[PDB]
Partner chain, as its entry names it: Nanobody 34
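Here you get one chain, nothing else, as structure tokens; it is the form solved without the partner chain.
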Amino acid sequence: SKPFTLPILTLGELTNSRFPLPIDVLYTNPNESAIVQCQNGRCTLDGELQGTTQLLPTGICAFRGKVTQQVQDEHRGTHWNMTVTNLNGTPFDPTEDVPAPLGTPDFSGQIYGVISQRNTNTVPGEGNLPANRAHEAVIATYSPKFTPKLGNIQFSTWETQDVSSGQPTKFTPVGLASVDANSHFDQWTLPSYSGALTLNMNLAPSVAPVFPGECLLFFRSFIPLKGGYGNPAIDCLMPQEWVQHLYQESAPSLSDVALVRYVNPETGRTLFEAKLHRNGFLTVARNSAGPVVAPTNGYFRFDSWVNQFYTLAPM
């Protein structure tokens, strides 16, 4: 049995699996009322990707496809429909057992980024090179027009005309447009991947602590804003590098729970211990919300396989 391992990476060497951001802090929120069921950054300890999770850091909250036409929408701005493919350019097959194309955003909000286009057709007078354009854009994932499982989404621009129909189009995510009440940011609310009033399918399962006194432990990143007030964050269950490592190793899981220790390598001391669950998430024994204030040189080390009955030393 190939021994289970985690990469050796400090917080300052990790990135978020739910948005292209560095990990800023470890975080807990025990009184969270929402069901935690994110779809990016989902991977079992034996290397099975789940939900909409894919391996590329460039693929998280990205889209690839083609603009069809400008469309009318009651909301502010200029709106555009785009078909979407798989990130690798192949047609998205809705019959595959996934919730949406891999990399699709997994939360409600106004995602801000850049739409760019490189034309298929080239100009002989320009050395047989294609024309290009890029503009800021917003994708409202709670919109009834957000239907990535059906191979179509909509985005809005401040630019009023310089977006071309029928041309290859890329969305590069950057942050959120707003976190005002009217922008419906909720990191634990899933989009409706096939539109208003349909049930999502093929989801990665919800995660929760089951042992009294335990809460989920998250890898938290602060996400940029185009405007307005706020300090919004995106919390992932495991960083993207862990997804990548587990996928590579695919080590057999010898129980449902791996005991891990958060260590300071200089001192050699254990700062705290955590349970790393088979389905790919952490719990700790902690009774407060907020950041974990820990030495910058810290990282998780696999200790041993334990079981559900194991009692964690309080943080």
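Numbering follows the first chain given and starts at 1.
The discussion below concerns the form solved in complex with the partner chain, not included here.
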Quick one: in the deposited bound form, does every one of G47, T53 and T95 get a heavy atom within 4.5 Å of the partner chain? yes
_Check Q69 for me: does it contact the partner chain in the deposited bound form (non-hydrogen atoms, 4.5 angstroms)?_
no
Worksheet item: Is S288 close enough to the partner chain in the deposited bound form to count, meaning some heavy atom within 4.5 Å?
Response: no
Determine whether any heavy atom of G127 comes within 4.5 Å of a heavy atom of the partner chain in the deposited bound form, and answer yes or no.
-> yes
According to a 4.5 angstroms non-hydrogen atom cut-off, is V163 in contact with the partner chain in the deposited bound form? no
Within 237-267, the residues having any heavy atom within 4.5 Å of the partner chain in the deposited bound form are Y247, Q248, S250
